[PDB]
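What follows is calculated from the coordinates using simple rules that are stated; it is not laboratory data. All Cβ positions, even for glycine, are placed from backbone atoms using ideal geometry, and neighbour counts span all protein chains on display.
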Amino acid sequence: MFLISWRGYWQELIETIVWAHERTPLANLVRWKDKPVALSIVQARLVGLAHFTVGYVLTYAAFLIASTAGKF
Amino acid sequence: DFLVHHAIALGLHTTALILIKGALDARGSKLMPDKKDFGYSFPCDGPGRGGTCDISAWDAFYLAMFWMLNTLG
Amino acid sequence: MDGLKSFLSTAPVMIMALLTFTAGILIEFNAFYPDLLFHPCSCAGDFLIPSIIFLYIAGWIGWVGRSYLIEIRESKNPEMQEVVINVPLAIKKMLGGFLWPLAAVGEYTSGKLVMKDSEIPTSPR
Amino acid sequence: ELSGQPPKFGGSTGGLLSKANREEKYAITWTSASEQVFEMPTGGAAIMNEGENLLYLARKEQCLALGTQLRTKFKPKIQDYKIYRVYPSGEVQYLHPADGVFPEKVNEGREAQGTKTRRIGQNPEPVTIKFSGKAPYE
Amino acid sequence: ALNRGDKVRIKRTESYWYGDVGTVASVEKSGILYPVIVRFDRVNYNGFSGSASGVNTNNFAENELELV
Amino acid sequence: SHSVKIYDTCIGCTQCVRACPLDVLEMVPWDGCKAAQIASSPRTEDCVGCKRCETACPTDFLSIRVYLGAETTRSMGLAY
Amino acid sequence: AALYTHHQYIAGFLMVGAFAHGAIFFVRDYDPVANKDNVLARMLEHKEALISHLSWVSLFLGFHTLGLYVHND
Amino acid sequence: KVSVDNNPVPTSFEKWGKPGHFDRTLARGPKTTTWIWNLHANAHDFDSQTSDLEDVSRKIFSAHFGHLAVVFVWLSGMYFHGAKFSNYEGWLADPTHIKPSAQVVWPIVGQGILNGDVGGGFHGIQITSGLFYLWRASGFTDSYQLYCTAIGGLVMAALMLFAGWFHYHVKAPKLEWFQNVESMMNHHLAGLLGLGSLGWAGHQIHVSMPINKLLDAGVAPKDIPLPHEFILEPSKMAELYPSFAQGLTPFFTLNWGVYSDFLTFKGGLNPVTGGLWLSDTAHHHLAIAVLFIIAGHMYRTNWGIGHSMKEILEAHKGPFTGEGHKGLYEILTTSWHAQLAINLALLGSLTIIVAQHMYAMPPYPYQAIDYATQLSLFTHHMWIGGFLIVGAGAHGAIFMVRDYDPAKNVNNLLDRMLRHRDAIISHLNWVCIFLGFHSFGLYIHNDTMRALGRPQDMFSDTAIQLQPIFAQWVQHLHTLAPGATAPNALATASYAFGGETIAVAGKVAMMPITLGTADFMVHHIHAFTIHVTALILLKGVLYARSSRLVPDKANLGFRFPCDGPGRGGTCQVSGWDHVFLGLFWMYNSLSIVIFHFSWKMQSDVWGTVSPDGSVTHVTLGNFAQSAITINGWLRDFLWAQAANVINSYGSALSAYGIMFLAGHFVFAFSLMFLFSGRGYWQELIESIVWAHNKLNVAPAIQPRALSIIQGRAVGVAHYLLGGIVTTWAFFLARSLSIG
Ligand code: CLA
Ligand code: CLA
Ligand code: CLA
Ligand code: CLA
Ligand SMILES: CCCCCCCCCCCCCCCC(=O)OC[C@H](COP(=O)(O)OC[C@@H](O)CO)OC(=O)CCCCCCCCCCCCCCC
Ligand SMILES: CC1=C(/C=C/C(C)=C/C=C/C(C)=C/C=C\C=C(C)\C=C\C=C(C)\C=C\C2=C(C)CCCC2(C)C)C(C)(C)CCC1
Ligand code: SF4
């Protein structure tokens, strides 16, 4: 997701959510002290790579151990 | 065994290609002669001049990572 | 031959030419294991099959292709000669394909093979 | 102080938000010879009143997006538009046609800043300005 | 200085044509920073993504050129 | 906010000023080129960094450059 | 199996990082003056010679290695 | 109302040798490789070529004639292959034991293995197009009949091709002519669909029905008389269906019910056929035909009777919607993209309706038996319908960028909803999140509870269960419909709702598809995946012109990568980039639909019926208990059913084996483009180019990395290819091996 889809889409999707909360009664009672924004371009690549890496080793490890320990 | 070794060699060379290129053109290329002024990690340089997406040295490590994982696979 | 000219920019007519090799080539291409096993490599010389003929094929094509790009450069018609293959360029280079590595031997010796490092562009270090 | 007539408009959701009444909003005035339809940067369509108009938008980019439209999508190219930055403190601030003439046209009086007595390729090496808050372009 | 038509080699450094050969088109304005207009056989990268070509000409200083 | 700089290679084509969608640039008198004018960046407090300006300049390499910097409410194009 | 697969993934990450910081050196610490004409600087001088060849070997390995496997398949 | 310009364009071959002439940018010549790609991606973009709406409409008109021509060539190719390279006659003799096969592979490079034994002493590739099943229901009994049909196609092909030339180079219609919408509709509604449905009903009754009745008797094809012979001897057409004694005039005297001998309403499946009763489909199209001729008399034309759609639209205003449909007439008679957007949305949604209806009510003989053809025709029409409803979002957005005019849209339905686009997306955003958790989150609840040895907590028929009370209640009404809510209908429309388990040979043609919690979940996965796909595409249309991030997005165009790294980053704000992301989700959505279909029909429908009536499904009903966890899908569907294709090496199915891998390859190859950017790639080329400058072999057409858009266009192009090649091979290898 973070690797294929890029920022501008998400920034324009967030502002509609920003709209919703400001307009929603009872919820506007809570206002964020930090303006919501889409991840940076570099950030998305980083996070996208992080996920891609974690899943790479966790998938393979779980297969290495189980296949070898299960069979010996 | 003969073939997987050459496959690994492919894995080491291509990963080195990316990492080494990104290092050498880190100061700049004739697409971004003043890359040094922008630092190691920066997003890009706008759609101008054809496009400059994933042009930085940081983005070379990024593309290089996918190949290391694959080589280890 | 304005319409033929437009058919000419269409490369894959060459792929049709390749299949036509069957008329002459398929006749002799029966089994074809000639001396693949006997090599005096002081024992076990069965790696001696025709790997070398691959070099002549790519050379006759490459140098002619280079001669197509170089001969067209003299014309000063860059956009036309690239988009629509000039008959004189493709014919002369490809027709001399057998003697192509031969003229390439002359080009290498005359120093026509490698251009100047000074003349070639270098990127900022 | 200065004002105009709010364009005839049913209302949209792409308009102002909390920023307008917290931080800052922008204002844009322009004079039109007739009542005609124009596109809101906040989406939809509105019609400007004949004479002076007044419109609040949330961002400076929005006003300039409308300003360029006013000057390019009409038979009578309206170039009479003026943009202000209005704070919640009541303080207003002139912004576009800054000095008086559009920035496209060179005008005497403007002080040069951002210029460099230097080629872009002649910037210093990064090692030169090491552990100083400054970058090569400074 | 350099005459119109003279083939010239570029020694700027950041130029897409640095090391490449250009052709002097004209010399302009007497006293000016970059008077030598040069035109090039092949275009540069300049242009928004999707452009079919680039720029053919650019101004250089006389001191960063070599006659050929 | 972001930083905008102009270098001595500009040729006063003014294309950058009329490209910028936030009025960050303007032309001023200058005796360095034939057009007798140079680009300036007096209102960088409002540049988002779209780099439409760099796209427009025709010099072999850009005479105007946008060095992205500290983000602000304005420099991020936030309507909220 | 785990210890081996483990330490190689560790090693793979280190090699990438080694070139990553190797690229950062050129961006933030390299002095063309101090390193003028030395083995370090001259690498940059013919960087396109390095990369173009590192590209060829990769092209040479990938086309054939994959080629044999697809042939057999 | 005919208006035409005579010979608007000469017919010369000069332009063929001047590529990129249609655009002023490309016309002068190529300087970089980008010119080449641009020549192709702007070829059909007739809007960007000329601003004369009359001229482009003429291009489009003659573009269709060209398309109808190739479809005729293709269609004729299927008939020619069925006539000369098929075992159709062999299959018509023993439909229940012979496997349909066309296309003979040439013995070369060992590829002759793909010519597998399909019975009847015929070797070739087993087909899944259902063509053999179509031919019989159509009344084909000879190879020559198919052969003549194939020639007729080439005639039509040439005829369509001539018309395209004629209506752009000889007599091009005026812009006024294309705008005759009210009249154009009356002809399609009655001339194309009406007479088409009437005309085909004439064939079914005079050719298909009587012939196919003899194949029930098993007269065998050669003994059966020729189709036209049934007309030469009305005695023959009378001997079957006694209601031909009083042939015509009951129709004209309004007797009608006399024809009930061959115009029935059995509503079921012919138990020997396994297909819909041809007596019904004939009475059906006869009824549809009449309805369509009727519907083609509503609109205003030259005789003052009818309706003005302009009048109707404008006369539909309400409190909530201001001026209403005012102006909608205009934009739908001036903008082609406006029309195309709607036509894709419906045509695409329709092709899906075809899939979901063709499987539950098999309209062809022995179709229901062939589980491969049933799976192949279903998932096929699924994808086509899927791609079309994505383009529906593309041109829906292009209209907003190019042909939307604010002045011609003031406080109307179009303008009004653009003025709360932030409200629309904000809610569609929330629904997608709600569906997101409450569908997928359930599977994660199960997978986790399972592994923790807490099977009593997970969601299942056995444990706690979410029962589709409504869908089940709907089935109960459909099965109890005959003799009550449908008295003249003998049996229910589809036995998938409930009833007898129909069987042919030893196989299940169709039987009640019970719905459990296992089905409830995947249904809400489908609702989830659909809603996200709408969100991506819908958001792409409304924010095509402007946003709070880029108020001047409309000026940037429909197809642009971005607006620089400024504003935090503005990559993929364009409508094109909303089609880009919308494609992956159309894919992800439908993959789950076809995976639902494959497993459910295998596990809880298909299988072999013993003479006693007991059914043995191919997956033994493991669906309701395993289709409620991801590991269950990973194991009992993928890992299990993929065993067929991976072991296909050395058999006739070996193709699907290596094709299963081919898909995998281009899939990964796609990731090369989708994860990177041209910034890196251009720098790489510079080093490569230098090596050519060194040997004086640099090309005149300077090498340039692909555009940021093409980089993405190529990315999705391969990802969706491989993603479907993989499934394509997996489904065929699986379905062919099971039966
Ligand atoms: C039998 C099937 C087969 C096929 C399909 C290929 C296909 C290929 N080969 Mg291989 N090759 C083969 C057999 C085959 N080869 C055998 C049996 C040998 C042992 C001699 C080789 C030795 C060989 C070498 C050394 C190279 C290739 C290369 C290539 C690739 C680019 C050359 C080309 O065709 O483009 C069209 C032709 C040109 C563009 C111009 C000529 C380019 C060549 C190959 C260099 C000229 C040959 C020269 C005498 C030897 C190189 C110097 C050497 C000391 C390194 C291409 C994918 C090249 C490659 O992979 O680069 C990434 C490469 O350099 N091949
Ligand atoms: C399996 C998918 C895949 C494939 C085939 C490649 C292939 C390649 N990569 Mg990529 N890469 C990938 C995934 C892939 N990559 C992913 C997911 C990433 C993360 C973004 C990268 C990131 C990356 C970087 C940063 C670089 C590469 C580079 C390369 C090239 C190195 C040369 C080589 O290995 O041998 C030769 C080429 C091949 C083995 C591929 C040829 C494919 C075929 C089958 C050849 C025959 C063509 C066929 C007949 C055409 C018909 C198609 C028609 C139907 C339309 C090679 C073209 C390097 C490069 O550009 O080299 C200089 C480079 O630096 N890759
Ligand atoms: C055979 C005689 C002939 C000649 C000399 C021309 C010449 C011309 N045509 Mg016409 N045209 C013809 C027949 C002909 N056409 C037919 C039969 C049709 C109906 C399909 C058309 C429909 C048509 C349209 C709508 C337009 C033209 C245009 C033009 C002009 C520019 C287009 C161009 O040449 O690029 C060459 C382009 C191609 C050759 C396209 C080939 C790509 C494909 C794959 C064709 C599609 C399949 C095809 C219909 C069926 C082929 C297979 C089938 C036989 C089995 C040029 C003067 C254009 C114009 O006026 O310029 C602005 C214009 O817009 N033509
Ligand atoms: C009803 C039919 C229809 C028609 C008449 C059009 C017509 C048009 N479209 Mg639309 N489109 C459609 C359906 C249609 N489209 C559908 C269903 C989708 C959803 C995917 C789209 C998505 C779409 C987008 C995103 C765009 C268009 C655009 C256009 C315009 C230019 C297209 C072009 O340049 O061609 C060029 C075609 C190519 C360069 C070929 C690309 C490669 C393909 C399609 C891959 C095919 C895979 C292949 C079959 C399988 C691999 C086999 C291989 C290994 C050999 C043109 C007006 C463009 C536009 O409006 O201009 C701004 C544009 O942006 N279309
Ligand atoms: C199981 C889940 C829980 C079930 C609870 C039952 C809820 C039933 C849903 C009610 C829909 C309300 C329709 C508004 C009735 C309506 O049309 O009001 C009328 C109004 C326009 O009416 P006018 O008076 O203007 O009509 C005259 C002119 O407009 C001529 O067009 O429409 C709107 O205001 C737009 C509101 C759209 C509302 C968006 C709803 C999105 C769909 C939600 C339902 C999805 C169900 C799936 C099938 C679609
Ligand atoms: C398959 C195919 C084909 C073929 C086709 C065909 C051949 C068909 C057909 C068809 C036909 C052959 C049709 C027909 C007909 C008809 C109709 C549709 C009718 C009608 C009518 C009406 C409605 C009217 C009625 C009436 C009345 C009511 C009144 C008085 C009397 C009358 C009679 C007038 C081709 C090869 C081309 C291509 C491929 C596919
Ligand atoms: S693309 Fe490479 S550049 Fe054009 S924007 Fe998304 S990132 Fe900044």
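Spin-label model, D:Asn21/H:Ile108: points 7 Å from Cα along the beta carbon direction are separated by 7.9 nm. Under the simplified labelling scheme, the H:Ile384-H:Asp55 pair shows an inter-label distance of 3.5 nm, with each label point 7 Å from Cα along Cα→Cβ. In segment H:369-459, the C-alpha radius of gyration followed by the widest Cα-Cα span (Dmax) gives 21.9, 65 angstrom.
Taken over the Cα atoms of chain E, the convex hull encloses 92 Å³ per residue.
Comparing C:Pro101, C:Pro34, C:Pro88 in a Gaussian network model of chain C (Cα springs below 10 Å), the most mobile by mean-square fluctuation is C:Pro34. Helix G:47-72 and the longest principal axis of the Cα set of chain G meet at an angle near 0°. Pair-distance distribution of chain H: all C-alpha pairs, bin width 20 Å, starting at 0; shares per bin in whole percent are 12, 42, 38, 7, 0. Estimated at 0.36 nm per residue, the fully extended path between H:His357 and H:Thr448 surpasses their Cα-Cα distance by 29.1 nm.
Relative to the longest principal axis of the Cα atoms of chain B, helix B:57-72 runs at roughly 10 degrees. Shown here are the Rg and Dmax of the Cα trace of segment H:204-270, at 12.8, 39 Å.
Expressed as an acute angle from 0 to 90° and rounded to the nearest 10, what is the orientation of the C-alpha long axis of helix A:41-71 relative to the principal long axis of chain A? Its long axis makes an angle of about 30 degrees.
Checking the Cα-Cα distances for H:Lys15/H:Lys171; B:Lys35/C:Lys76; H:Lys222/H:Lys266 against a 24 Å cut-off, the pairs over it are B:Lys35/C:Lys76; H:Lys222/H:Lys266.
Note that chain B carries a Kirkwood radius of 13.3 Å, evaluated over its alpha carbons pair by pair.
For H:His203 and H:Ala643, the difference between the fully extended length at 0.36 nm per residue and the C-alpha to C-alpha distance is 153.9 nm.
Placing dummy labels 7 Å off each Cα toward the beta-carbon, the span from C:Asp2 to H:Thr501 is 7.2 nm. Percent of C-alpha pairs per 10 Å bin in the protein assembly as shown, short distances first: 1, 6, 13, 17, 19, 18, 13, 8, 3, 1, 0, 0. Counting only other chain Cβ atoms within 10 Å of each residue's Cβ, the peptide A:14-26 averages 6. Backbone N atoms of segment H:345-386 closer than 17 Å to the 7 Å Cα→Cβ label point of H:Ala295 belong to residues H:345-354. Hydrophobic long helices, here whole DSSP H runs in chain C with Kyte-Doolittle means of at least -0.5 and Cα atoms spread over 24 Å or more along the helix axis, are found at C:53-75. Going by neighbour counts of Cβ atoms within 10 Å, the residues H:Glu176, D:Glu52 line up, fewest first, as H:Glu176, D:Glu52.
In segment A:2-72, the C-alpha radius of gyration followed by the widest Cα-Cα span (Dmax) gives 19.9, 61 angstrom. GNM remark for chain C: springs join alpha carbons under 10 Å apart, and the peak mean-square fluctuation among C:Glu74, C:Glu82, C:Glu107 falls on C:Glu74. Span-like helix criteria (full DSSP H runs; alpha carbon extent of at least 20 Å along the helix axis; mean Kyte-Doolittle hydropathy of at least 1.0) are satisfied in chain H by H:278-295, H:336-358, H:517-542, H:654-674, H:708-738.
Our helix-only sum for the protein assembly as shown, with -39,500 (n - 2.57) per DSSP H run of n ≥ 4 divided by its residues, gives a mean residue ellipticity at 222 nm of -15000 deg cm²/dmol.
The coefficient of translational diffusion for chain D, derived via Stokes-Einstein from the alpha carbon Kirkwood radius under 25 °C and 0.890 mPa s, stands at 138 µm²/s.
For an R0 of 25 angstrom, estimate the FRET efficiency from the Cβ-Cβ distance between F:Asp31 and D:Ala98 and round to the nearest 0.05. It comes out at approximately 0.60. Each listed q (0.17, 0.21 Å⁻¹) maps to a log10 I(q)/I(0) for chain G, found by the Debye formula over equal Cα scatterers with no solvent: -0.92, -1.01. For chain F, the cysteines with no partner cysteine C-beta closer than 4.7 Å are F:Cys10, F:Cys13, F:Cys20, F:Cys33, F:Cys47, F:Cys50, F:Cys57. Sequence-distant contacts, meaning Cα pairs under 8 Å at least 6 residues apart, place the relative contact order of segment H:249-359 at 10 percent. Pair-distance distribution of chain F: all C-alpha pairs, bin width 5 Å, starting at 0; shares per bin in whole percent are 3, 17, 28, 24, 15, 8, 4, 2, 0.
Inter-chain Cβ neighbour count for H:20-28, averaged per residue, equals 1 (cutoff 10 Å, partner chain atoms only). The convex hull of the Cα atoms of segment H:20-148, projected and averaged over all directions, covers 12.9 nm².
Positive end of the charge dipole of chain H (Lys, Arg +1 and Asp, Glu -1 on Cβ, about the Cα centre): tell me which of H:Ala496, H:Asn412, H:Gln356 has its Cα farthest that way. Ranked along the dipole, the leading option is H:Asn412. Bridgeable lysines around H:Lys539 (alpha carbons under 25 Å apart, same-chain partners fewer than 8 residues away excluded): A:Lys35, D:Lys19, D:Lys60, H:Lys326, H:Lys408, H:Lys553. Loop-located trypsin sites (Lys or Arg not before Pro) across chain E with a Cβ neighbour count of 10 or fewer within 10 Å are E:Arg4, with loop assigned by DSSP.
Considering only the Cα atoms of chain C, their convex hull presents on average a projected area of 13.9 nm².
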